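S.K.: Fold the following, please.
(chains A and B, ligands or ions: 8)
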Amino acid sequence: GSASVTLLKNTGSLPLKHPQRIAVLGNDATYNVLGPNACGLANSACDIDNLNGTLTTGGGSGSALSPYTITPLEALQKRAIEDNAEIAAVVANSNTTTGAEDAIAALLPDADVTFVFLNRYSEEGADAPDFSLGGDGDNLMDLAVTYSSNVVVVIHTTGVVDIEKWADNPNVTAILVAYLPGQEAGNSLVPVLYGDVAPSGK
Amino acid sequence: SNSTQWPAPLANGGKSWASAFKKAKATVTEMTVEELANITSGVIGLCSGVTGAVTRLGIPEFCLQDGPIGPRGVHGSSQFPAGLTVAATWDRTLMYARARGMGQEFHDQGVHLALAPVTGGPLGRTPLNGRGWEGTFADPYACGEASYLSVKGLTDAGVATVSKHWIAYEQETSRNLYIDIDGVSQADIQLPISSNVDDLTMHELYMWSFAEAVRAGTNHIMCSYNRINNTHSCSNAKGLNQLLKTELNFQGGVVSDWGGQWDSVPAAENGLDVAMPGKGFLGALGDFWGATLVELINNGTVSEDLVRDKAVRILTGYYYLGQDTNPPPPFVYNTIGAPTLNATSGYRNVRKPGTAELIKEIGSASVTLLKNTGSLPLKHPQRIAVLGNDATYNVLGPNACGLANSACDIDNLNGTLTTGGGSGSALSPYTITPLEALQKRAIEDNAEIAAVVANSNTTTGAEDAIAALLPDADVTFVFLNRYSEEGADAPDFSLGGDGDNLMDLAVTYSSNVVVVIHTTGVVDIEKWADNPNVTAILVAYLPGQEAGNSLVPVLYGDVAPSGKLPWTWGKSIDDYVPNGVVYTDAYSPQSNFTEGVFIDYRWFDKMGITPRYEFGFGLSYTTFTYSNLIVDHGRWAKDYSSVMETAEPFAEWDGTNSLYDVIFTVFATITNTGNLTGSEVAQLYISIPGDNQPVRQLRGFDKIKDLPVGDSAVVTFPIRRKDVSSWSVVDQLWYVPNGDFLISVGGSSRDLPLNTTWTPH
Ligand SMILES: *[C@@H]1O[C@H](CO)[C@@H](O[C@@H]2O[C@H](CO)[C@@H](O[C@@H]3O[C@H](CO[C@H]4O[C@H](CO)[C@@H](O)[C@H](O[C@H]5O[C@H](CO)[C@@H](O)[C@H](O)[C@@H]5O)[C@@H]4O)[C@@H](O)[C@H](O[C@H]4O[C@H](CO)[C@@H](O)[C@H](O)[C@@H]4O[C@H]4O[C@H](CO)[C@@H](O)[C@H](O)[C@@H]4O)[C@@H]3O)[C@H](O)[C@H]2NC(C)=O)[C@H](O)[C@H]1NC(C)=O
Ligand SMILES: *[C@@H]1O[C@H](CO)[C@@H](O[C@@H]2O[C@H](CO)[C@@H](O[C@H]3O[C@H](CO)[C@@H](O)[C@H](O[C@H]4O[C@H](CO)[C@@H](O)[C@H](O)[C@@H]4O[C@H]4O[C@H](CO)[C@@H](O)[C@H](O)[C@@H]4O[C@H]4O[C@H](CO)[C@@H](O)[C@H](O)[C@@H]4O)[C@@H]3O)[C@H](O)[C@H]2NC(C)=O)[C@H](O)[C@H]1NC(C)=O
Ligand SMILES: *[C@@H]1O[C@H](CO)[C@@H](O[C@@H]2O[C@H](CO)[C@@H](O[C@H]3O[C@H](CO)[C@@H](O)[C@H](O)[C@@H]3O)[C@H](O)[C@H]2NC(C)=O)[C@H](O)[C@H]1NC(C)=O
Ligand SMILES: *[C@@H]1O[C@H](CO)[C@@H](O[C@@H]2O[C@H](CO)[C@@H](O)[C@H](O)[C@H]2NC(C)=O)[C@H](O)[C@H]1NC(C)=O
Ligand SMILES: *[C@@H]1O[C@H](CO)[C@@H](O)[C@H](O)[C@H]1NC(C)=O
Ligand SMILES: *[C@@H]1O[C@H](CO)[C@@H](O)[C@H](O)[C@H]1NC(C)=O
Ligand SMILES: *[C@@H]1O[C@H](CO)[C@@H](O)[C@H](O)[C@H]1NC(C)=O
Ligand SMILES: *[C@@H]1O[C@H](CO)[C@@H](O)[C@H](O)[C@H]1NC(C)=O
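M.R.: Numbering: from 1, shown residues only, chains lettered A, B, ... in the order given. Ligands and ions are numbered 1, 2, ... in the order given. Find the structure here:
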């Protein structure tokens, strides 16, 4: 994970120093709400709108079960606590959950950094129709750039996605792609974000 | 109502605030009328309330800030466990340290007056009370002890306390704070519930805790929203002028609850000293003093001296705590909220090293084991299932529900209930979720762990995920909660969100279900409490920010559970004091406290009703055997320790003595007779003789720490003169009655292996 996470954009926001107020966005930052193995033997049987959490692997016969997932939020919070900082995550569906937009609007302005975790599930037996982000990713980004000027994007994905609407936004200070990191998702990522190891994936 | 019958005595400064009073006189003596009205009424500011400055005389604005778990609406602080949770520790060291820590965060955030603690209002009379959780024990003695130490902690940090809510504030329904915006006035719709309380009940039940608060040196007291005998508490002359200011000899200021003042002139005469919020909250909650009191004084209705005594009471605390020569810093957060106040916020980090660890410790000292068939402590389980949104975060963030933890949608998944709703809440820098802490330990054991943390009823596939996960799990944890808030009482004991459904599913698919309850009060677990698939039940109350990491070490047996219930857990709401909350549309709603002193376990004991889990009940991973009860009448001692003195009359007074002298001490021995190290909260109950008297009253507790297997420890209970007395209605004084006092000692209110009789004069 640490050797592969790929830094695509950085205007000087990374590595992080010791930020004191940290905002997180996206269900990808936390657990599948039905459990890491809820989608079944092929990681492909959860409902179309289910919040699957961190995309640690793809769908179909080349997936596998997981004894746990070390979520980005957990790993970010651990480091926040070491710096005596505050951290808060909006991890619901930003379109369909009552109060989610307002919660994001109220959270992001005072944060020193805001992390948006995006994903794009794909699977055996079908091709992706386009490069569009999975779930509410488009809307998370739209909201993130509206309410914050230090947005750091992390993408867990099976392939290339469409970030054309935001990659040249002056409020997106950094972008990374972490691909499909397996069970150690958060703890492989956070040391790169905080500069313990320089990213080296390409 | 009658302030000729019940006149207002003048502040003199009492025992510890003599130099402070002297300074207060001097400064007040130089003030104009303009200036008396400025400090005696609230003004617009960033704090919950702000007094007007006396800026000619160098006297700044006092920040009055919520609440009883620490400064509310503030970033850069810690979320402490609620009062209910420290109560469950039965640990005086933790009660003090908790408040001392809140205290430093209050002072360092720039707060002069903390709107805290809750010191016996509500106490309380109903287990449905929305904000009962803000208090501590449902018992006058134990509430009294924790009240003393809470005020002491806050004052020792340099923050003045406003102990609340005086008095008989025992329901949120129809509390009816005064509002008067455009047309709609609360005066036109419904008066506040009237608590109608006899003289004995008021003395032996509700005043007890406030008497301890006064003795610890509360600088101020908040008068409550309810009426008493159909007169508002904030303008009750019997209440404020006589009972508090004469009999309790209270030398500090009475601060109105926000909308607790309804009159101008009765309030001024009958004991109120500060009008809040004043110009705050758009003047909407009444603005009955300010320029109106300026007019009332120099047209002859309200005495000038009377209003000078009010400002003296306010300023005493200022000088006593050294706020003149060691001022607190600027308060930098907008805690009111737009659109009511449009103002920006700065930032200040106030979290000290040690605070996080203390909060953790309070959680581990309070979590209360109610059922154990032998599944706990855990060994090294390899497949772990977790049920409940309470096991993880609020899906919108820890603070999503706003400045009072109460603005989230009715169906929002709020995560771990680490605190309650309302002005007693506080923001959180993070939450250490139960799931996070359980997973950390599972990973140490090379185990696997999966949580279903969605709403189990409304989320597609949630029920099927649960059914597929549970059968193969070695242990299944179910996390449940029940949010309640200020401004409404719970309708019943039912669990919040999907709690009932989670339990039905859990017992269907697993025969090793461990239940953990985060709650503001008693909940209904009757469907599942006797199901043998439920191998253990624990109540964790409201643990604050360190929820998960306080809990898991108990579950895994690094520390034995040690907390005990601070109220009674009855099988049904119908088993409690009747008319616990009165719902009516009648203009003048009435609550008659016809039960008298018999609330919580006193009611249960008198009516012969067995609770599921009694007052003072909690299991350990070991057992304690009691022996060798000793009453040492030679072990007496004069009351020197208190910060302030009351003037409570009593029969045995001779010039020398006090109602709070310790007149004997009782001792007992506990031996750890199980197979693991454990702490034990020993308890002492006394049956005071008399007519219509409680079967048992708590008069002592002592927590022995980490007693090894086979070892013994001596447990110690000082008994004050007041602890053995009754209030005489005829003679209007306390007295030690004649007859037989049974002194009972053991591990709970219904497990008392040791007893002896004491017969006085
Ligand atoms: C809300 O409402 C309630 C109900 O109205 C108020 O409760 C009342 O409170 C007052 C105190 O302000 C009590 O007054 C005292 O009453 C004494 C006599 O009591 C008997 O009176 C009637 C008989 O019809 C009954 O109400 C009482 O019955 C109740 O109590 C008994 C005993 O426990 C129970 O068994 C019953 O079931 C009832 O619950 C009594 O039978 C009276 O002696 C006393 O007078 C002394 O004190 C006053 C004030 O200091 C002096 O002015 C006066 O001169 C007397 O003092 C002299 O004598 C003594 C020695 O005897 C000396 O020590 C003194 O130096 C002095 O020389 C007083 O009038 C009233 O009884 C009580 N009622 C109830 C039902 O509780 C609440 O206060 C009120 N609360 C608020 C906040 O407003
Ligand atoms: C959490 O995780 C969940 C899983 O655990 C995620 O849910 C899954 O999400 C995926 C997409 O993200 C979803 O995919 C399928 O949805 C339906 C299901 O029935 C299908 O229609 C889709 O397949 C079609 O579309 C693809 C792109 O357009 C295409 O590559 C694919 O081959 C297929 O198209 C054929 O079918 C159409 C006929 O209706 C034709 O119009 C089309 O041209 C293609 O025709 C070919 O095949 C036909 C046979 O049917 C044949 O008639 C024709 O001749 C020709 O050969 C799509 O794969 C999963 O269903 C969904 N799983 C569940 C259980 O709902 C979830 O999204 C994730 N959450 C988040 C937030 O990301
Ligand atoms: C009656 O109460 C009023 C509100 O408390 C008070 O007005 C306030 O006076 C204080 C001075 O104590 C001012 O505070 C600040 O003033 C400047 C602002 O740049 C600072 O340099 C100072 O350090 C100080 O912090 C408030 O600005 C002022 N508030 C308002 C709304 O005017 C009255 O003066 C009081 N009146 C009397 C007669 O005592
Ligand atoms: C999560 O918290 C919210 C408040 O932040 C709860 O919503 C309130 O619930 C009470 C009943 O206890 C209602 O009378 C209020 O009107 C609700 N408030 C709002 C603004 O809707 C909510 O019930 C909690 N969620 C769960 C699952 O218990
Ligand atoms: C960048 O963020 C600020 C608020 O931080 C917002 O006002 C501005 O419109 C944003 N700009 C873009 C291009 O998203
Ligand atoms: C005194 O001033 C008050 C407040 O303005 C006013 O209501 C009252 O009528 C005045 N005169 C009296 C009571 O004689
Ligand atoms: C207890 O759990 C088992 C499955 O492990 C189930 O068959 C049984 O019906 C349950 N019993 C009760 C009384 O809930
Ligand atoms: C409350 O008190 C009096 C008895 O003194 C009684 O007349 C009144 O009706 C009572 N109210 C209710 C609702 O029972």
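S.K.: How about the residues of chain A by ligand 5?
M.R.: Applying C-beta under 6 Å from any ligand atom, we find that chain A lies next to ligand 5 at A:145, A:148, A:149, A:169, A:170, A:171. C-beta: built from backbone N, CA, C; applies to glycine.
S.K.: Could you count how many residues lie near the last one?
M.R.: Residues contacting residue A:171 under the criterion other C-beta atoms under 10 Å in any protein chain shown number 15.
S.K.: so it makes contact with residue A:148?
M.R.: Yes - with contact defined as C-beta atoms under 8 Å, residue A:171 and residue A:148 form a contacting pair (6.3 Å).
S.K.: which residues touch residue A:142?
M.R.: Residue A:142 makes contacts with A:165, A:166, as judged by C-beta atoms under 8 Å, 6 or more residues apart in numbering or on different chains.
S.K.: Chain B versus that one, what's the distance?
M.R.: 18 Å (C-beta to the nearest C-beta, to the nearest Å).
S.K.: Please report phi then psi for that residue.
M.R.: Here is the backbone geometry of residue A:142 (degrees, to the nearest 10): phi -50, psi -50.
S.K.: distance of the closest residue in space to residue A:112 that isn't next to it in sequence from residue B:79?
M.R.: Leaving aside its sequence neighbours, residue A:112 sits nearest to residue A:19 (C-beta to C-beta, 6 or more residues apart in numbering or on different chains; 4.0 Å). To residue B:79, residue A:19 is 20 Å away according to C-beta to C-beta, to the nearest Å.
S.K.: Now do the contacts for the most centrally placed residue in chain A.
M.R.: For chain A, residue A:117 is the residue whose C-alpha lies nearest the centre (C-alpha atoms, centre = their mean; 1.8 Å). Applying C-beta under 8 Å, 6+ apart, we find residue A:117 in contact with A:24, A:25, A:26, A:27, A:28, A:29, A:54, A:72, A:154, A:156.
S.K.: Type out the PyMOL command that picks the buried ones from the residues you listed.
M.R.: Typed into PyMOL, the line below selects the buried ones among the contacts of residue A:117, using 16 or more other C-beta atoms under 10 Å in any protein chain shown:
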select buried, chain A and resi 24+25+26+27+28+29+54+72+154+156
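S.K.: which ones are touching the residue nearest to residue A:112?
M.R.: Residue A:19 touches A:83, A:85, A:112, A:113, counting by C-beta under 8 Å, 6+ apart.
S.K.: Select from these the one having the most neighbours.
M.R.: residue A:113 (23 neighbours).
S.K.: What backbone torsions are found at that one?
M.R.: Dihedral angles (degrees, to the nearest 10) for residue A:113: phi -150, psi 150.
S.K.: so it sits right up against residue A:18, yeah?
M.R.: No - applying C-beta under 8 Å, one finds residue A:113 not in contact with residue A:18, separated by 11.0 Å.
S.K.: For residue A:145, what is the enclosing helix or strand?
M.R.: helix A:137-147 (DSSP states H and E).
S.K.: so does that helix get close to ligand 2?
M.R.: No - contact of helix A:137-147 with ligand 2 (C-beta under 6 Å from any ligand atom) is absent, the minimum separation being 8.4 Å.
S.K.: Can I get the helix or strand hosting residue A:76 as CSV, trimmed to CA atoms?
M.R.: According to DSSP H and E, residue A:76 maps onto helix A:72-82. The C-alpha trace of helix A:72-82 is given here as CSV (Å, rounded to 0.1, in the frame of the first residue of the first chain):
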residue,chain,number,x,y,z
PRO,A,72,-8.7,5.6,6.5
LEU,A,73,-10.7,7.3,9.2
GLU,A,74,-9.3,5.1,12.0
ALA,A,75,-5.7,5.6,10.8
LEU,A,76,-6.3,9.4,10.3
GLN,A,77,-7.9,9.7,13.8
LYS,A,78,-5.0,7.8,15.5
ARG,A,79,-2.5,10.4,14.1
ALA,A,80,-4.9,13.3,14.9
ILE,A,81,-4.9,12.1,18.6
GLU,A,82,-1.1,12.0,18.6
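S.K.: So what touches that helix?
M.R.: Outside helix A:72-82, the residues touching it (C-beta under 8 Å, 6+ apart) are A:22, A:24, A:28-30, A:54, A:86-87, A:89, A:91, A:115, A:117, A:154, A:185-187, A:189-190, A:193-194, B:393, B:430, B:436, B:439.
S.K.: Give the next helix or strand downstream of the helix holding residue A:145.
M.R.: strand A:151-157.
S.K.: got the angle between that following strand and helix A:137-147?
M.R.: Relative orientation of strand A:151-157 versus helix A:137-147 (axes from the mean of the first three to the mean of the last three C-alpha atoms, to 10 degrees): 170 degrees.
S.K.: Check the offset of the following helix or strand past strand A:151-157 from the chain's centre.
M.R.: Heading C-terminal from strand A:151-157, the first helix or strand you meet, by DSSP H and E, is strand A:172-179. From the chain centre to the centre of strand A:172-179 is a distance of 9 Å (C-alpha atoms, centre = their mean, to the nearest Å).
S.K.: who does strand A:172-179 pair up with?
M.R.: strand A:6-10 (antiparallel), strand A:151-157 (parallel) (DSSP bridges).
S.K.: Quick one: closest of these to ligand 2.
M.R.: Closest approach to ligand 2 among the strands paired with strand A:172-179 (C-beta to the nearest ligand atom): strand A:151-157, 10.7 Å.
S.K.: who touches that closest one?
M.R.: Residues contacting strand A:151-157 (C-beta under 8 Å, 6+ apart): A:13-14, A:28, A:54-56, A:72, A:113-120, A:141, A:144-145, A:161, A:163, A:166, A:169, A:171-181, A:185, A:189, A:193.
S.K.: Ok, stretch A:177-191 next?
M.R.: A:1-2, A:4-6, A:8, A:54-58, A:66-76, A:78-79, A:154-158, A:197.
S.K.: Out of the residues you listed, which end up buried?
M.R.: Counted by 16+ other C-beta under 10 Å, the contacts of stretch A:177-191 give A:1-2, A:4-5, A:54-58, A:66-76, A:78-79, A:154-158 as buried.
S.K.: Quick check: residues of chain A near ligand 2?
M.R.: Residues of chain A lying near ligand 2 (C-beta under 6 Å from any ligand atom): A:39, A:44-48, A:50, A:52, A:59, A:121, A:126-127, A:129, A:134-135.
S.K.: just the residues you listed that are near chain B?
M.R.: Counting by C-beta under 8 Å from any C-beta of the partner chain, A:46, A:47, A:50 from the residues of chain A next to ligand 2 sit close to chain B.
S.K.: give me every residue that touches the second one.
M.R.: What it means is residue A:47. B:460, B:461.
S.K.: So the residue nearest to residue A:112: helix, strand or coil?
M.R.: Counting by DSSP: H, G, I helix; E, B strand; the rest coil, the backbone at residue A:19 sits in coil.
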